[PDB]
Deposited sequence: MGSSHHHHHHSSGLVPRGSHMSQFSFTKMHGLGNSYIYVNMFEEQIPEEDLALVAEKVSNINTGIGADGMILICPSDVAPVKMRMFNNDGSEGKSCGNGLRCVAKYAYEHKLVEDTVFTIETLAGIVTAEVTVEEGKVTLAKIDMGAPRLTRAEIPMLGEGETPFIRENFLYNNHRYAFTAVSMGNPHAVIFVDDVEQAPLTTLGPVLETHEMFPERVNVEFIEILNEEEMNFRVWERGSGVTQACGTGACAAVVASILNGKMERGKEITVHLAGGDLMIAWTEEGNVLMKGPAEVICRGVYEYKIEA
């Protein structure tokens, strides 16, 4: 091994993009160059708000042996991990707009495995990208949730402040409890959300969604996080309760904006969401 001496100064072009929740620094590794041994450190430097740009991390768009593009995600502490969802709509947008892909439907290689992306192009620009969020899981042990009762699905009452609420439990890889409200503005979000989050019956806590169904293809959405798996859980819950239909694109109005979700008759929940450019430029750095 070696104790390095000297210093090196480089730069690369980047794009900051925002999809749902996170925002990352996107680097095209087809055109840019960062030494492998520098990646973790560069990810940390560039994600810092004070001495970097400021992001939840850095995502490299790279050559792949198995897909047109490959995604590598580094967190803001420099650790490389599974994206599990985050950044995919932005990678899909970037891939298509910079012609690393030739169709609207294409694949992306991620740590977890190869993923399908389908972009919506409106005026030569990608507005939305559609991704597979998997099947919901509706069993107590899968939520996870204590107690018995899962047939046809999990629905339980809950007394809070002299009023009988009813929530529907769904896992989309993470636990969700979905309550239907008449008016989403007077949802007990600050008050019922937190006390239900940490209730005994949820060993691993739970995300709490209050939703108002507008019609058979539209709903307003607020979540008390333990959020696209929340919007999916909320849609799956409305279909389970007979408020909405299977295999139809339902549009969810969040505080952020709109997600378009369909629980396919095939089984998967497919989620369509926006990706936007914040800025593009050249980042300069020095490693000593």
### Task
Counting from 1 along the deposited sequence, give me every gap where there's no C-alpha, start to finish.
1 to 12, 239 to 245, 308
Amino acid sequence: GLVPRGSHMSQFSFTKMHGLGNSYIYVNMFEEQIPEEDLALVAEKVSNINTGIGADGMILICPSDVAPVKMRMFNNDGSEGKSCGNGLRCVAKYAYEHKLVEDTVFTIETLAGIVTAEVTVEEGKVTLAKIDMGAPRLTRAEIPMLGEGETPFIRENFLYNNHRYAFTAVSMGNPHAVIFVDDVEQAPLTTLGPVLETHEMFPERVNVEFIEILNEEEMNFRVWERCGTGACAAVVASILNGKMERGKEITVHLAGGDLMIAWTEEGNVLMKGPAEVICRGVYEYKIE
From here on, numbers count along this sequence of modelled residues.
### Query
Comparing 164 to 172 with 115 to 123, where is the mean C-alpha B-factor higher?
115 to 123
### Task
Going by the average Cα B-factor in the PDB entry, point out whether 140 to 148 or 77 to 85 comes out higher.
77 to 85
### Task
Would you mind finding, among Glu209, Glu218, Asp132, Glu185, the residue with the largest C-alpha temperature factor in the entry?
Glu185
#### Entry: Candidate residues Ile179, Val105, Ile108, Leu189, the one whose C-alpha B factor the record puts highest
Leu189
### Third of chain Cα B-factors occupied by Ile25
middle
### Message
Split into thirds by Cα B-factor across the chain's modelled residues, where does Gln33 land: lowest, middle or highest?
### Response
highest
### Task
Looking at the entry's B-factor column for C-alpha atoms only, identify whether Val69 ranks in the lowest, middle or highest third of its chain.
middle
### Query
Lowest, middle or highest third of the chain for the C-alpha temperature factor of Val91?
lowest
### Summary
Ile213: C-alpha B-factor third of its chain, per the entry, is the highest
